[PDB]
Structure formats: C-alpha cells, structure tokens
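J.:
Protein chains in written order, with the entry's author numbering: chain I, 143 to 297, 312 to 583; chain g, 719 to 736, 745 to 751, 757 to 767, 778 to 793, 803 to 815, 822 to 836, 845 to 864, 872 to 880; chain S, 8 to 22, 25 to 38, 41 to 94, 96 to 108, 113 to 123, 127 to 142, 147 to 159, 164 to 196; chain b, 573 to 609, 618 to 642; chain e, 995 to 1196; chain G, 412 to 447, 450 to 458, 462 to 493, 501 to 513.
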C-alpha cells in the first residue's frame, strides 16, 4: 500500500502524453481503489469490530478523497467546459409556455443555481441507502397488502386519510411496518433514487403514496412547449397548490416521522426528529434543497406563472433564500455552539471551498500553514494540495507560481523520505 | 487544582441549582426578550459578537442606535406573548424615533 | 403575444406591479413606453433583479442618476439581490460616505481601484503611493512614473521608467 | 337578549350603563354554561352594546 | 395678520367654528398649538355632537394629535365625565386601545378622592373595562403613570428578564393588561363580600 | 368559459345548499367542494389526498395510473369517488 504514491504520479505520466480532465477522474478512481484495499479485507469481531471501524474511518479519509475528486471534477467540468456557453433557446419563452419550460430556462440561465444542483447531484451520489432485501427495512416489510393487520383486526375506510380523520384505529404492527416503508422511501428520496421510490411505492401496494411522488414534475405539454417536445403531456399544472398541500401534510402530526420528513423534503422545508441523525452531507443536501425550491418558486412568481388561487399558505413558507456561503456557515456550526467536527475535517473544508469557488484562496493559506509548522500531521492533506494545484494549473492557469514551488518542494522532500527516487527527483 | 478551563463549568452548575455571563465565560435571545441593565445588555451583545442569531444581534444593534434593509429585518423580527407585544411596541417606538420619513411611514403601515 | 398583452391589460385594470412589469417584458420582446411601464411597476413594488435592472438601465441612459440610485438602493437594501454598483460609486464620484462606499467596492477590480484613486485625488504622497501600489504592465508603470514626475520624484521615476522600458521596449 | 338590544337601539341605550356591566355578567354566565356543556353573532351583540355606551357618552357631553 | 387672526378669533369664540380653516393650519406648518387652543375654545362653546362630527372631516393624523392633546387636557379632574366618553368615541374610530387606559386613569382618580358610594361606580367601571377588553380581544395596550403627567417610559411586557435583581425593581405597571384586570375582578369580589356582610348586620 | 359557466349554473343550488352541507355534515361535501378547489382544500385542512386534488383541472395522463392502482389497492385491502374524478371517466 506504500505504492500509492506511484498511482497518482503514474496518472501524471499519462498527462504529458495526453489530456487534462482524465487526470482528476483518475484521481477519483485511484483513491477509490485505495479505499477498497484498506477497507478490504478487514474483519471485526466483538471489540475489534470497533478497531476495524476506526481503520475504515482512516481509509474513510481515502473515501473522502474519492468523493472530493468527483466533486472537483463535476464543478470544474461545468465551470470551464463549453457547457456554460450555448444558445439562449432554453430561455426563449412566452407567457403561454408552461411552468416546466420556465424551470428548464432558470437552470440554463442561472449558472449559480445550476452549480447548486451539481452539488445536490453529488450529495445524492454519496448517500447511504438502507438495504431492501438484506435489512429489516424491506425484506421483513414484504407484507402482501397495506394495513392487513388493521383490516384483519379491528383493534371503516381503507384510505390513508382515515387515521388523520380519527384517533386510534391503526394496529401497532401496521404502524411498525409503515415505519420501515417510509424510512426506506425517505433514504431513497435522499439518494435521488426517485424511480426506485416509485417502484417500491407501487409494489408495496401504496398507490396513494406513489401518486404523491409523481407530483414532483412540473407541467410540460410537448404541443405548446416545442423546445423539449416529448410525446405525452406530463406533470401537474397547479404545482404551487401541490407544494402547499405537501407542506401542510408534512406539518400534520399523527403521521410517521419519516413520512412528514419526505413531505418536508418535497415541500422544501426542514424536518426535525429525522435530522437528529443527519450528518454533514445529509444536512448540506436538505438545506441546499430548501434554497433550490425557494429560488424556483420566486422565479415562477416573478414570471407571473403562479396563479393567486394556488397561494393557500404563503405565510407558512420561507420566501427568502440563503446564499451558498450562509448554507455552509449555518451547517458548519454545531447545535451546541461548537465548530462542527465534520466541517473541521481537512478534506471536508476543501469540498466546501470547491463549492464556494474559492479554491486558490485555501491553496495559498494552506501553504502558509507549512511555514507555520501545521498540516504535517495529516499525511494525505499535503499530497492533496499538490495534486489539486497541479490539476488547477493544467485546466486553467490559476494558482500562484510561488505556491506551486513551495507545495511541490515539500512534496518532493517527502518522496525522498519514502524513497520514490525516479518520481521524487522529477518533482 | 491542576490548571484546566474547569472553572466556568463548575460556576455554571452552581447557577443552575440556584449567571448568563458565567455561562459565557436561543437562551440569549430569551434573555434579551426578558430585557426587552443597559451596560449588561451591551456586554451580552459583545459576548454574542465573540461567539460569532445574527438577525437578533442586528436588531439589538438597532436598539442600541442599508437603513431600509435594517427596517425590513426589524419587521421580520416582529413577525417572528405579552413580552413579544412589548417588544413590538418597542420596535414601533424605534420606528417613530426614526421618523422624527416615507420609509418610516411605510414601516408604521 | 397580442393575447398575452390583452390579459396583461385586463389584469392591470382589475388591480399589480407584475402585470406592469410583464408589459415591459413584452416591450423588450417601443422602448419609451416600456420604460414608462417599468417605472410604474417599480413604483408599485420591488421585484426580480431583471425588473430592477431594466428600470435602472432606462433611467441611467435618460441621465437621471437620482432615479437610478433610487431603484438600485432599494434593490440592494430590500435584500432581493444586489451585487448598479457602477452607477452608485460613479455617481458618488460625480458628486465629489463616498469614501466608505469606495472601500466597500474595493472589498482585483481594476477600474474600481482607478475610480478610487480619482476620488482620493479630489478628496500628494498618498496619491503617489497609490500608483506605486497599482504598479506592483508597462502602461501602469508609465502612468506611475508620470505622476511621480508631477509629485516631484526624479530619482525614483527614472529608475522605474527605465526598469519598465527594458522590461518591454 | 337580542330583543333587549333592539329596544336599546330604538331607545339608543343612554342610561343602560348597568346593562353593559349586566351584559358582561350574562356573557360570563353563557361561558359557564359552555363549560358545563354563533361566535360571530355574539360579537355583533357586543358591537350593539358599544353603541348604547356611545349614546350614553353623547348624553354626558350634552 | 395670521398671528392677529389667532388672537382676534380666540377672543370672539363665535367665528372660531371655522373647522376647515382649523385643518388648513396644521397641513402647511407646525402651528398645531393654534388648533389646540382654538378647539379648546370651541369645546368651551360645548356642542359636542356637532363638535365631534367635524373632526371626521379633519385629517385623522391631525385628529389623533389634537384629540390625544385634548385627552391629556381631559385629565383636568373636572366633573365633566362626558369628555372621557367622547374621547372613547374618537378612540372607537381609531385602534381603540387608549380608551381602556383612560378609563383606568379615571377610575384611579375617582378612588383617590373618596370611598363608599364610589363602590357601585367602580362596579360600572369594571363592566366598562370588561366590555372594552372584549372589543379589543387580540391586541395589547400599556399603561404609563396612573394618568397624564408621565415621567416613566415604557418598560414593556416582554422584558421579564432581570439584570442582577436590582433591575427588577422597576414598578412593572406598564403591563396592566388581562392580569391586573383579573386583580380588579378580585377588588369587585371583595366589595361584594363587604356589602353582603353589611346587609347581614341590620 | 363553459367551466365557470357550469359552476354559475349549478350555483345557488350548490350555493345555500352546499352552505348548509358544510355547516352540517359530513363527507360528500368534500366531493361537493370539488364540484365548486383552494378554499375546499383549506376547509378540509388527508395530506396525500390534498396533493392528488391539485391534479384536478389537469387533463394530464395521471388519470389511468392513480385510477386503476388505487382501486386495486382497495380491493386487496369519500376517497374512491375523488379517485373516480381524477381518472377522468367518472
């Protein structure tokens, strides 16, 4: 595993002969392979299992290195590549164009909001799903029909509205079974696994819950909205009513905690008990989702797309949007007024800096820590900044030459210590 | 006892049994609401600054006293109880002072 | 698009900044009339960065820098989305608070460092330093040595003209 | 009670004074009955009562 | 000429019925004091039905400042009980909040001079305050001093926070809403018990 | 033009009638407010049903899906009638 310095610098050897972007993609892949070796093969029994978990956490640093390279690649590919330069055709619209064409336009025109979406797509890519068929969440929740226990045992109407309508009905077993469903649908919604959430809602027998998921999509008619001509019309033309109805349904108690939370994620609002177990990536996702859902609605309002009748609960919804900067600052604080331990992590601070777009600010600032005798403790962090700077200058002439020399010099000194003579000498 | 920053921890526990400054050495907002004295409030504001609720801090600064934005923030604070009513009255008084004025009139409206 | 302006006219009659703004959008798709519509919409309420900039651009080119400050000041302090910046600082410079605004603007924006120096030049050693700071590009180095010439620094200027001059030729 | 209010309106309720105090007691009794066991309508009666008080004030001014 | 018009109009009192001319003085400039002294002489003429109908024509911003200035003058401690009721009618037109506070101020003065036959009047005053509270159900209103001549500010109703315990020595009698109204109800029950004990003596 | 026209026609009849209906009891009314949407939803405030109700006035191919699926679910086990309306073939 000492031959890890080879794999990154081997990705360097191919790059004088070839092209820039595959270097970052290979850095994602190289770190990904290294996660697996450290992670595998480790067996934990009793007390050691904890030791194995600690080992995984250390590798966990390599996992974080893979996720960070993926994010770096995704954002720089949007920012530098010709994907931000195109005809304004997506934004050429008329009042008769549907609310969906208006969202397609907003995402094309607003690069800043679209960058938030690329971060969301990344956070969804690295989400933890519970298992279907190898955990009690869905394997043991394979009940043939919905509310079989409450139907078979008394203790009037099958519909989900019957227990919101009146007190006590549901059997404890059916509530326990619903907890597993909604938790698993909720993990899938966080993972962006919307199609799987719909497939499960249909197969579990929950056609009503499936219908709520369908109301994500805005109305598109292919006939009127010729830009994205599909074949059938799709989505719901009163999305604001649907958003408010979903928000109201989220607030209502006597529903499961996981259900209220899916409705909160759909409404672009926060949830409460489920966020107690929300990690940094998970909290970043929920808060960016609020920012996207508020921004889209404000553009829809400014365009005059929304109808006054659909405004059932304006007073209950946050009209304001926070900036990406405030998103990270609020997420960075702990609930107990401490620096968040996850935010303070050396590679997580970089993820945020790549999202803000001030990458080069930390690259100069980090180099100052080397002269001040800091960073040396984390063996990965010194390497990371080296490869990251090398990648920045190849894609765009960016980081200061002074910083490149200081970072490369300290990195080459390490190659002699690790005795990587052919590569260290070259650096 | 061997030096550690355990003095604040012990002092805080004693206060709970029977204060805010000792804790410093949501709740702060509640304290401000109770204190809808002035020097103590200033000290609390300084502590908040050291900690840095930002909107609440801005409101406190306004009370101690771009302008339109500040007025909007004050309105938001008013939007979000007898103590609350008193705070609203104080905000109205502040608006009157500001008027003493089209923006002020709008705030009054 | 004519049906769309009928439904806009009717809505306005019924009650409506977003109608009046929409009319402006239709106009963008008879500029004086559109500008008038934008002005009315702005008066009714404050909405979208595209509203604020269409009115503020109309007033800016009408020469009415007091109306353009009014829009852009409300669009900043309302908190909808201010990043007008040119007309505000420029307006302050024309007027001859302003220093604070300049500092805020400064907080690698070149023309902004330039307008800042010129404000300081209406409100000598500090001025000389300003040029030295900017210079730390041949034409930078050349205006730097020319205004050193003005302040009276013959020894420094000939070294820092010649240094440039055989960095460029 | 509604009939009494109508009579006061016909009269203008100059001297009722006690009745407004009396009316409050009746309202309290109604609340007690509710506790033992139309809100808009109840508000209207209060408004009608206020008119009598205003008339009494006018009489005092006279 | 205009300073003569004030002096001359005041002395006659009869031509000082010129309300639209009264309203035409505050709108140009801060000569509100001319309206304040002149409308007092019109109150001395004392045709309150007609007199109060003309401040419907006068602008409400001016009417609030003139009627509040008049209401502070109504705290004259006069036997003119009606001036409080006509102030209550102007408060009825506005937010109504101050009519309740003016009633407690008038109750306090009526308690201070003498007792006994004032008990039945205090019952009527409790009925008036209870009716005024029912009219103004969601909104709060604060008292300052026991009437006009105020040298206290507004301590509020949300500053229940102390400092050290020496800053909780403020009288805290700004918050004379629903809680003190329940204490006035206790005063009424004490009066009822005293009267029932008094009826069992002969 | 016809929609609103139809409403006005079925007015007074749905007017004072549905009035009492509400100020009375019980179900069905939920269906009757749908014949009259946002005020009916606000009065009703069944969170999942509320989101499906906003698809009414939508001619979208939502019909069939929700239609058959909900019916099947009920078979396996004032709500079926709402689904019949969103099927578009009531």
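Where a beta carbon is used, it is the ideal one built from N, C-alpha and C, also for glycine.
Between residue 997/e and residue 1032/e, what straight-line distance do the alpha-carbon atoms span, to the nearest angstrom?
T.: 13 Å
J.: Should residue 36/S be flagged as near chain I, meaning a C-beta pair shorter than 8 Å?
T.: no
J.: Could you tell me which chain e residues have their CB closer than 9 Å to the CB of residue 846/g, listed as they occur along the chain?
T.: 1134, 1150, 1151, 1152, 1154, 1169, 1171, 1172, 1173
J.: To the nearest angstrom, report how far apart residue 551/I and residue 222/I are at their CA atoms.
T.: Each residue's Cα considered, the two are about 8 Å apart.
J.: In chain order, what residues of the same chain lie with their CB nearer than 6 Å to the CB of residue 572/I, ignoring the 5 residues before and after it?
T.: 580
J.: Taking Cβ positions only, does residue 11/S come closer than 8 Å to chain I?
T.: yes
J.: Within the same chain, show all residues whose beta-carbon is closer than 6 Å to that of residue 1009/e, passing over the 5 residues directly before and after it, in chain order.
T.: 1003
J.: Name the two residues that bound the continuous alpha helix (DSSP H) containing residue 588/b.
T.: Where residue 588/b is concerned, there is no enclosing alpha helix (DSSP H), given that its DSSP letter is neither H nor E.
J.: Of all the CB atoms in chain g, is at least one closer than 8 Å to the CB of residue 1146/e?
T.: No, no contact with chain g.
J.: Which residues in chain S have a C-beta closer than 8 Å to the C-beta of residue 781/g? List them in chain order.
T.: The premise fails here: residue 781/g is roughly 31 Å from chain S at the closest Cβ pair, so nothing lies under 8 Å.
J.: Determine whether the Cβ of residue 823/g lies closer than 8 Å to any Cβ atom of chain S.
T.: yes
J.: Nearest chain S C-beta to residue 236/I closer than 8 Å, yes or no?
T.: yes
J.: Could you check whether residue 442/G and residue 405/G sit closer than 8 Å to each other, using their CB atoms as the reference points?
T.: The requested residue 405/G does not occur in the structure, where chain G is confined to residues 412 to 513.
J.: Using 8 Å as the limit for Cβ to Cβ distance, is residue 44/S near chain I?
T.: no
J.: Answer yes if the stretch 282–291 of chain I comes into contact with the stretch 325–332 of chain I, meaning at least three C-beta pairs across the two stretches below 8 Å, and no otherwise.
T.: yes
J.: Let me know if residue 470/G comes out buried or exposed under the rule of 16 or more other beta-carbons within 10 Å of its beta-carbon.
T.: buried
J.: Report the start-end ranges of each alpha helix (DSSP H) in the stretch 337–410 of chain I that is 4 residues or longer and not cut off at the edges.
T.: 350–359, 363–370, 395–407
J.: Could you check how far apart the C-beta atoms of residue 343/I and residue 271/I are, in whole angstroms? I think they sit under 8 Å.
T.: That belief holds up - the Cβ atoms of residue 343/I and residue 271/I are roughly 5 Å apart, short of 8 Å.
J.: Can you check the stretch 416–504 of chain I for any alpha helix (DSSP H) of at least 4 residues that lies completely inside it and give the ranges in chain order?
T.: 436–458, 480–488, 497–500
J.: Beta carbon of residue 179/I, beta carbon of residue 441/I: below 8 Å?
T.: no
J.: Check whether the Cβ atoms of residue 85/S and residue 824/g sit closer than 8 Å, and answer yes or no.
T.: yes
J.: Please identify the residue among 345/I, 275/I, 242/I, 410/I whose C-alpha is closest to the C-alpha of residue 324/I.
T.: 410/I
J.: Looking at C-alpha atoms only, which residue of 1006/e, 1027/e, 1107/e, 1103/e is the closest neighbour of residue 1078/e?
T.: 1103/e
J.: Of all Cβ atoms in chain I, is any one closer than 8 Å to the Cβ of residue 466/G?
T.: yes
J.: Could you check whether residue 584/b and residue 1117/e sit closer than 8 Å to each other, using their CB atoms as the reference points?
T.: no
J.: Under 8 Å Cβ to Cβ from residue 874/g, same chain only, skipping five residues before and after it: list those, please.
T.: Within the same chain, residue 874/g has close Cβ partners 823, 824, 827.
J.: Which residue from 8/S, 27/S, 60/S, 25/S puts its Cα closest to that of residue 38/S?
T.: 8/S
J.: Would you please verify whether the beta carbon of residue 189/S is less than 8 Å from any beta carbon of chain I?
T.: By the rule that beta-carbons nearer than 8 Å mark a contact, residue 189/S does not touch chain I.
J.: Measuring only the C-alpha atoms, how far is residue 80/S from residue 859/g?
T.: C-alpha separation (whole angstroms): 24 Å.
J.: Under 8 Å: do the stretch 441–453 of chain I and the stretch 427–438 of chain G share three or more Cβ pairs, one atom per stretch?
T.: no
J.: Which one of 1176/e, 1084/e, 1183/e, 1059/e has the shortest CA to CA distance from residue 1024/e?
T.: 1059/e
J.: Between 201/I, 255/I, 203/I, which has its C-alpha nearest residue 226/I's C-alpha?
T.: 255/I
J.: Please list the terminal residues of the continuous alpha helix (DSSP H) segment that includes residue 429/G.
T.: 422–432
J.: From the DSSP output, in three-state form, read off residue 180/S for me.
T.: coil
J.: Please report the distance separating the alpha-carbon of residue 186/I from that of residue 510/G.
T.: 55 Å
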